[PDB]
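Heads up, the thing below is written out as structure tokens.
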Amino acid sequence: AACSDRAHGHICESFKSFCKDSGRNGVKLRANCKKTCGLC
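If you're matching positions, the sequence shown starts at -1 in the numbering used here and goes up one per residue.
Take a look at the structure:
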């Protein structure tokens, strides 16, 4: 499982500070943006 961004692109950045969200928004961020969130 490689690490990178799969989201549309503007989703990770627009929600970069949301990567630490305990809600669905956060989970989807770490998934669609395993990189922008930092999971490598």
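Just so you know, even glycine gets a beta-carbon here, dropped at the ideal spot from N, CA and C.
Keeping to the same chain, check which residues put their C-beta closer than 7 Å to that of residue i; ignore five residues upstream and five downstream.
i     : result
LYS14 : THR34
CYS1  : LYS32, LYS33, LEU37, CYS38
Label residue i either buried or exposed according to how many other C-beta atoms from any shown protein chain fall within 10 Å of its C-beta, with 16 as the threshold for buried.
i     : result
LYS32 : buried
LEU27 : buried
Where DSSP assigns a beta bridge to residue i, which residues make up the other side?
i     : result
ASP19 : None; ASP19 has no bridge partner.
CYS31 : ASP3
Residues in its own chain within less than 6 Å of residue i by CB, not counting five upstream and five downstream?
i     : result
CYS10 : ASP3, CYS31, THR34
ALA5  : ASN30, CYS31
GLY7  : none
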